[PDB]
Amino acid sequence: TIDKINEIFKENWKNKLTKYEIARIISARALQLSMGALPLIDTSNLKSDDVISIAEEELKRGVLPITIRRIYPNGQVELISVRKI
Amino acid sequence: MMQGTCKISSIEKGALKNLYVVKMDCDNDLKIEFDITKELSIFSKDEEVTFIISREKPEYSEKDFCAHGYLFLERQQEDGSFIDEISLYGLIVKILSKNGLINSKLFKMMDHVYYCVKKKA
Amino acid sequence: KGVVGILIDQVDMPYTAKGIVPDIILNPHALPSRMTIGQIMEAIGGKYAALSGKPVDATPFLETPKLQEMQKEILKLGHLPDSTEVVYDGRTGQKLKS
Amino acid sequence: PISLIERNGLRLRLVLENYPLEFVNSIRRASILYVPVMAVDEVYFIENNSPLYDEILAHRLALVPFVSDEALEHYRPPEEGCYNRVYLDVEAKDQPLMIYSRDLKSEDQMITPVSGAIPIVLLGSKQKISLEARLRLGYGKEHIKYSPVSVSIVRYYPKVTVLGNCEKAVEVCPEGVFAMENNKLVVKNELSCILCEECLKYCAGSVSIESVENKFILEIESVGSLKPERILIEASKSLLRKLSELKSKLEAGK
Amino acid sequence: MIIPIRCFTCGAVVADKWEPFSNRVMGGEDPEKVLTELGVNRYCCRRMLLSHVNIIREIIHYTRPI
Amino acid sequence: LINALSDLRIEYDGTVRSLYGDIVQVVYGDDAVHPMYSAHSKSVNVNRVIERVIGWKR
Amino acid sequence: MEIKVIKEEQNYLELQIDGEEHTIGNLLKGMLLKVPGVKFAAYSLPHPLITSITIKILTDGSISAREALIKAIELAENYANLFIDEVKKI
Amino acid sequence: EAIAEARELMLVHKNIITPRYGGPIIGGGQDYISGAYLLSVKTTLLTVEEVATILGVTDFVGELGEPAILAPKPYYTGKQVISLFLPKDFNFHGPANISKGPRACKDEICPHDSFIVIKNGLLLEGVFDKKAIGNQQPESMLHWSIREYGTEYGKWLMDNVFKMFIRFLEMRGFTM
Ligand code: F3S
Ligand SMILES: [Zn+2]
Ligand SMILES: [Zn+2]
């Protein structure tokens, strides 16, 4: 209840994912796939063999299990899942 | 819809370099000012022609003028007459008449419609 | 000043009715902001010099001949007075509208 | 239909009556590009004291055109191994000597430079030059030294009509399409029009200019390597070869 | 330096026309008529013949021994 | 300017506090709207929305 | 000349030809516009530095796009043969 | 990780709108504006062959549709050619850059096509200029289209439509 705009901001960013978090997820998944992690999506029927593209498609589908924990400045921590079952 | 015999008054030099405005007096106090280009100049002054504005595609000949466009800009003048502008994908046809097109429920706004003016012979 | 954007073959370049293709093509938009009228004047003067064969003197404040006589002589030799000329597109073969 | 206008030395002007503009443009482009002409490919320099460096001299020799009307059938095209040889071995004595293309001895007697007045290089005192050039057939697509035509033009067919007598039109038009005889404005060279529309611009009502849709004017100027008619025939043959190969590949793909 | 074999714009041989054009222009004839009757009508070739320097005449004195 | 302003960051509550913890603004730009995503200087151009909805029959 | 086929269908075809400049592409575009049934035919030079063209054909469905291209090639061959015959007698 | 961060954050199309002000930093240069204007003039008319040559450069395959002029001669208007690329729900009513002086009537009734009228993705009126597709121009038609349909659509529109503009200026003739 700091201000009305602060409340709007906080309720807006609960259900959405910022581009920094998307970039971090994609980079982490690409690094994992490069070392030898097995992709979750179907390897075949993909036009691009690049690891970055596979990680991006996995993020778009939502198969990869990643939970982002965002620490608010007042100590509150929010967990956002990417599974989207 | 909205077809009638008419006589063209003059062919103005036009605002642009290669555009001529054809002015036309029709029945029931209706006037039509439509833009043409040098190639689309099959018209001569004081000639009597017939125009049709129909949703369905009408018959036309090589000696006729046929086009299709989207009706828009329904406005009511302070006098009381209604002004409409049909855009033949850029070529403006300006209709001044009482009981305008959309007011009289003849056409809907933003509807594809063919405008065909044909010489009488 | 400017780098070479691309090298274009003789077939692709837009040829004129006499078949003369440009050696260098320059964007007209470079002219009005830079306000270099001397470039167009030199183009017309060079065309007149090649056609008539007579020397062209472009010394500032005193040029021989003047622009009007150069244009008249260019018209006399067989080209357009304003140094323009009919150009056909090399790739498609279609005459340009201007 | 094809109608000849004027057949000057190394120049040919034709009117094509029923041909699309795309085909005529392809003909002119293939005449510039897809017609093989013999020209210098490599140069072997035994000795060179000339002011011109080796690369400049090799380029000058390459730009020299050789007559190759009878060399098309006797020599393999580059897509196929048979190259002609030309020798140049001279030396000045005490005064500068401008050596021309006439003193270009060739292994094959039928293949000679187009003109002997072409100056290759100028040699100073006591300067010796000796080289052997290996001539090879090639298309204008690979290099411009192989182009058989100096210029090729395809332009619209003009239809110019005089409507009344106007004194200005004779001096407005850059071409001699208009003449003033017996105080009457007439057209002398209708086909010399270029559709400039100055004739229409200064006297709009006196003259009417239009273009004929089906007819076109095709002009080619050779450099002496080939006859203009042979250039056109070879361009059409190259177009036929390309179209036939494309059709074969399309049929194979199907 | 030395006149180019072919016109840069159109591949037309102008090297063989240097000697007649230069000799007749130096003789006292206006370049326009000489060019017209020599066989060059396109001004692209005329600028090739008109604007030439013939540096090669001076260079033969200062030639690299090699 | 870059050396002075480098430490600022946007946090999850809308504040513009620096990395050392010092708060600069309670809300960024008074509406938490980035200039990149704003329609010129406006967070929402209402007339633009009106156009988007009823422009065909305008 | 290499040939590659893209997005081939009954009425829509794309085809990349390697080794032909504007001349063959424009010739084929003209003949495709001449043959009946072709709704929209156009060639393109994706990059002038690379001598490879791409021809896109969309047909009304009466005739196949590949068949339309073959008919255009036949028309071009007929024109070339007629031109040769007419030049030889000149 | 560096490659992934470069792709997901610093890609060119994602940064079309500058952070300095809410306006597109990428847009039509000087030549693109002239080509778009000359293509969008009310007087332009294009035959089927010219339309095919214009649209060849773009990566657009589809039904051209009936030409805007059916008789006496089939002619496609430049606005009709342009409207094939606009999204089917896009409304704009801004003035053009040419309506910056005496010739401006400040209304959609001016005989001079200086008032851009687009309804349901159809360029019914007006011409494209610096105020329609120009760079560094906030609240322009291009800026609104990008803001409403994403930077990927923005990039697609830029590539195809601007190549079309350049091709038309090539085949018409622009000189000094
Ligand atoms: S040369 Fe010919 S056709 Fe027209 S304007 Fe000039 S006359
Ligand atoms: Zn020349
Ligand atoms: Zn106005």
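Filter the stretch B:3-32 down to the residues that are closer than 19 Å to B:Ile102 by Cβ and crowded, with 18+ Cβ neighbours inside 10 Å, then identify the one that is nearest to ligand 2 (Cβ to nearest atom). It comes out as B:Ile32. Can you find a residue that is more than 22 Å from G:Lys34 (Cβ to Cβ) and surrounded by fewer than 18 Cβ atoms within 10 Å (Cβ to Cβ) anywhere in the stretch H:68-81? Checked against the condition, which is being more than 22 Å from G:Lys34 (Cβ to Cβ) and surrounded by fewer than 18 Cβ atoms within 10 Å (Cβ to Cβ), the stretch H:68-81 yields no hits at all.
If you go through the stretch B:17-42 one residue at a time, how many are within 16 Å of ligand 3 (Cβ to nearest atom) and touching an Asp or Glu at 6+ places or on another chain (Cβ under 8 Å)? Of the residues in that region, 2 qualify.
A single entry from G:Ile17, G:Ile55 fulfils the requirement of being closer than 16 Å to D:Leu239 by Cα and in a strand (DSSP E or B): G:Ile17. Of all residues in the stretch D:222-234, those satisfying the criterion of being of a type in the set (A, V, I, L, M) and within 14 Å of chain G (Cβ to nearest Cβ) are D:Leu226, D:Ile231, D:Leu232, D:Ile233.
Kindly indicate whether any position in the stretch H:128-147 is within 12 Å of the chain's Cα centre (by Cα) and basic (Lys, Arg). Yes - at least one qualifying residue is present in the stretch H:128-147.
Remark: pairs (first residue in the stretch D:147-163, farther than 20 Å from D:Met38 by Cβ; second residue part of a strand (DSSP E or B) and within 16 Å of ligand 3 (Cβ to nearest atom); Cβ separation under 9 Å; 6+ apart in sequence or on different chains) are absent. Taking the stretch G:45-66 as the range and being within 9 Å of chain D (Cβ to nearest Cβ) and surrounded by 18 or more Cβ atoms within 10 Å (Cβ to Cβ) as the test, only G:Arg66 passes. For the stretch D:211-221, a tally of residues being within 12 Å of another protein chain (Cβ to nearest Cβ) and either in a loop (DSSP other than H, G, I, E, B) or more than 16 Å from ligand 2 (Cβ to nearest atom) (or both) returns 5.
The set of residues in the stretch H:126-169 that are assigned to a loop (DSSP other than H, G, I, E, B), more than 14 Å from chain B (Cβ to nearest Cβ) and away from ligand 3 (no atom under 16 Å from the Cβ) comprises H:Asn135, H:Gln136, H:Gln137, H:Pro138, H:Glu139, H:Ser140.
Hey, among H:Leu55, H:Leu46, H:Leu38, H:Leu123, which residue is away from ligand 1 (no atom under 16 Å from the Cβ), more than 14 Å from chain F (Cβ to nearest Cβ), under 30 Å from C:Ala30 (Cβ atoms) and touching a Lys or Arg at 6+ places or on another chain (Cβ under 7 Å)?
Working: H:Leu55 fails: touching a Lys or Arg at 6+ places or on another chain (Cβ under 7 Å); H:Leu46 fails: touching a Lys or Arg at 6+ places or on another chain (Cβ under 7 Å); H:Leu123 fails: more than 14 Å from chain F (Cβ to nearest Cβ).
Among H:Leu55, H:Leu46, H:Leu38, H:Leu123, only H:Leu38 is away from ligand 1 (no atom under 16 Å from the Cβ), more than 14 Å from chain F (Cβ to nearest Cβ), under 30 Å from C:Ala30 (Cβ atoms) and touching a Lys or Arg at 6+ places or on another chain (Cβ under 7 Å).
The helices (runs of 4 or more DSSP H) found entirely in the stretch C:16-79 that carry 2 or more residues being under 27 Å from E:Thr36 (Cβ atoms) are C:37-52, C:67-77. From the list D:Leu200, D:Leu195, D:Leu226, which residue is part of a loop (DSSP other than H, G, I, E, B), buried (at least 18 other Cβ atoms within 10 Å of the Cβ) and either within 11 Å of ligand 1 (Cβ to nearest atom) or in the same structural domain as D:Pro65 (by CATH) (or both)? Criteria check complete, one pass: D:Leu195.
Evaluated against (1) outside the structural domain of D:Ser115 (by CATH); (2) part of a loop (DSSP other than H, G, I, E, B), D:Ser26 falls short on exactly one condition, (2). Checked against the criteria, H:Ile116 counts as within 14 Å of chain F (Cβ to nearest Cβ), crowded, with 18+ Cβ neighbours inside 10 Å, among the aliphatic types (A, V, I, L, M) and within 16 Å of ligand 3 (Cβ to nearest atom). Here is the figure for the stretch D:29-47: residues that are outside any helix (DSSP H, G or I) and more than 19 Å from D:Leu63 (Cβ to Cβ) total 3. Scanning for something crowded, with 17+ Cβ neighbours inside 10 Å and of a type in the set (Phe, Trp, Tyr), does the stretch A:12-29 turn up at least one residue? Looking for residues that are crowded, with 17+ Cβ neighbours inside 10 Å and of a type in the set (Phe, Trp, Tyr), one finds at least one in the stretch A:12-29, hence yes.
Yes/no matrix, rows are residues, columns are (1) surrounded by fewer than 13 Cβ atoms within 10 Å (Cβ to Cβ); (2) within 16 Å of ligand 3 (Cβ to nearest atom); (3) away from chain C (no Cβ under 14 Å):
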{"position": "D:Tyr156", "(1), (2), (3)": "no, no, no"}
{"position": "D:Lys159", "(1), (2), (3)": "no, no, yes"}
{"position": "D:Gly164", "(1), (2), (3)": "yes, no, yes"}
{"position": "D:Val172", "(1), (2), (3)": "no, no, no"}
{"position": "D:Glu175", "(1), (2), (3)": "no, no, no"}
{"position": "D:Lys184", "(1), (2), (3)": "yes, no, yes"}
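All of this is worked out from the model, or read from it or from the source named; these are not laboratory values. So basically every Cβ, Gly included, is an ideal-geometry build from the backbone, and we count neighbours across all protein chains shown.
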